[PDB]
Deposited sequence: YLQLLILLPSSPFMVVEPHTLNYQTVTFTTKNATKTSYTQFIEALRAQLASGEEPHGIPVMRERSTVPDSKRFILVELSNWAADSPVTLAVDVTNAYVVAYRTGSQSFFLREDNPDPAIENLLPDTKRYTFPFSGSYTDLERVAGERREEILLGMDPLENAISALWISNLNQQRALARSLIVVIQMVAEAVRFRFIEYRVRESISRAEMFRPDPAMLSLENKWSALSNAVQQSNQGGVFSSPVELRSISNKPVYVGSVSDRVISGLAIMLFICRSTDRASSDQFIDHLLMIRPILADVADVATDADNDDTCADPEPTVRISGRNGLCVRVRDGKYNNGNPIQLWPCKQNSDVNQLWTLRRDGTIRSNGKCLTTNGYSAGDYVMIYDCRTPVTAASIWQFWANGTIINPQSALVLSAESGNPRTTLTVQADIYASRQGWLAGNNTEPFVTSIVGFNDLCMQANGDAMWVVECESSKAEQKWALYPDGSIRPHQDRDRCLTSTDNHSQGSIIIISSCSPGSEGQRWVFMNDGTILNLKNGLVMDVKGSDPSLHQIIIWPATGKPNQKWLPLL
C-alpha cells in the first residue's frame, strides 16, 4: 500500500469517489475517536511508512505527476515529474521529508504548501480559481512541465490539486462539489462553506477530540454556509459533522494532555426543538424538569453543566430522577456529597440521555410545552432524542443521496428527484430530536410506515407519535441510520424512478449514501 492513482481520462463520478475513498482508507489509522476516523500520530509513524504517492493523469500525458502526501495531515509536501522532484519550503525541516525522493532533482520552492503562501505566489485567492475536471487537467499539465520561470501558475496549480484531492479526502461536502463537476462537466469556484471547512479542518478535529464523552465541544467552531450565513458547531453529533470524513491527530481521549475532558455548559434540545427547562425557573427540591422553547438569552434554568462525575447541573442543583420505574418524573434536586445514583446520566453522542442505575432514559411523553419529563423504557424514539449545544435552531438544508439527487417532499411521500436550488420542498429541517422535517411543514416527520418491517417505505407523517421510525442519525458511514432498527435509509434497487426510499440493512455502497448539505 503506497500508490493510489487517479486519471482524468474518461473520469466518472464513481471513479473519483473510488480514488478519494482509497486515499481515505490508507490515511485512516484504525482509531476512530467519537466515531470519526483520525490520522496517525507523527511520533508513531516511522519515516519509512510516512508517505502516500498520488499518481495523477491526464490527456496531454505521458508519465504521471506523482505527489508525496504526508500520512500525518494529508499535506502535499513534494511531487515528482520523472527525474525531477519538487518540494515545498517548510517551517521545520523534518527528517522524513528530506530524504523523501532520493535519486532525483530536488528543487525547493521559496513558498510553503499553506494557502496564504500559495495564494500569495499565485496572485489570486482560492475563491477566484475555478475547480473541476478542466482546471485539474490544466493543473496536472502545468505541474508536469514544471517551468520554473512560471511559478505563479505552479502555485495556482497546487491550489487546484490540494483542494480536489486532500480537501475532498477530509470532507464529503467538498467531495460532493467535485462529483457535481464531473457529472455536469461544469467548473466551479469554491463557495464560502468549502472555504470554511478547509479553514476550520484543524479546529474541527481539535473540537471533536477535546470534547467530553458524548461529543459536546467546550467551544463552538464557526463554519459557513453557501451564501455567507454563520454555522455554529457544538458537538460531534451536529448533523453537519457527518461530512467530516477524516481528522488531523490532536490527542488521545481520556508536554501534552492526552486530551482535556471538559465540563461544558450547554442547552439541551430535543422533542419538537424544545429545551430541557427547570419549570418556572424554581430550584426548590422536587420541582419538575419540562419541555419549553429555547431562550437564546442567559437565564440559568435552561443551561446544564455536563460534569465528569456524570451529573447534569443547572444553577447549583442536579438533574435527578424521582425513581427507577417506567413513568417516574425527572426533577431538580440537591447534588449529594457522596453523589447519588438517581443523579448520574450518560449523555450519548447518538442523542440518548440514560440513567445507568435504572437503564431508563430521558423522555418527553408528550410533544407540547410544559410537558413533564420522564424516565422511560429505551425504544430510541425521537421522543427520547436529545442534542447538547447552544445553537438550537434546526439546521435547514438539502439531503443529497444516490446519483447526487435530492430528497423532495411530495405531499405524503418522499423520494429523490434531481436537485434544484429554489427547493422549497427540497429543504429539510434537521431537528434536535433526530427527526427530519419538511421546511414548510414542521408538524410532519420523515417516518417509517412500519419500523419493524425491513423494506418498509419511508413516508412523511405527523411528528405527533415521536416514534422509533422518526429518529434518524447521519453517520460518518455516510448512511442514514435508524437506532432500534439497526437499518439504513435506502433508495430501492438503486432505482429512483420507483419513488421509494426504504429501510434496509447496511450493504454494499452507493444507493445508501446521504449528505446533509453544508
Deposited-sequence ranges lacking CA coordinates, in order, are 1-22, 277-306
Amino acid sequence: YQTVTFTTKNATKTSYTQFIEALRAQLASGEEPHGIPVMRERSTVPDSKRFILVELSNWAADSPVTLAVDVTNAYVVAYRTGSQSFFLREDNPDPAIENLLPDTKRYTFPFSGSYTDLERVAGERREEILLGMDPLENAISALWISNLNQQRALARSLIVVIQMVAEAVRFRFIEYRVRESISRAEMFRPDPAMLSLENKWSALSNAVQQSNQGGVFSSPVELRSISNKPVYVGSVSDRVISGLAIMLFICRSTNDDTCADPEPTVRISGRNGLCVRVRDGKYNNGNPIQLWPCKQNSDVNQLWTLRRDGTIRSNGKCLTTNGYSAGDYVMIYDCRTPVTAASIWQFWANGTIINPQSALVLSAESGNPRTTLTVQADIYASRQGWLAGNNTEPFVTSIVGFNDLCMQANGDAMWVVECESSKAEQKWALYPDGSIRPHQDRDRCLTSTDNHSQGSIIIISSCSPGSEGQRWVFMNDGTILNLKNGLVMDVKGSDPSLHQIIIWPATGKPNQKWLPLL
From here on, numbers count along this sequence of modelled residues.
As the entry reports it, the stretch among 477-485 and 57-65 with higher mean C-alpha B factor is 57-65
When mean C-alpha B-factors in the record are compared for 468-476 and 22-30, the larger belongs to 22-30
Based on the PDB entry, the highest CA temperature factor among the options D334, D238, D328, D433 is that of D334
When the entry's CA B-factors for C419, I159, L244, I379 are compared, the highest one belongs to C419
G455: CA temperature factor from the record, placed by chain third, in the middle
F249: CA temperature factor from the record, placed by chain third, in the highest
Of the three thirds of the chain ranked by Cα temperature factor, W144 occupies the highest
Of the three thirds of Cα B-factor ranks in this chain, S85 occupies the highest
Assert third(CA B-factor, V4) within chain per record equals highest
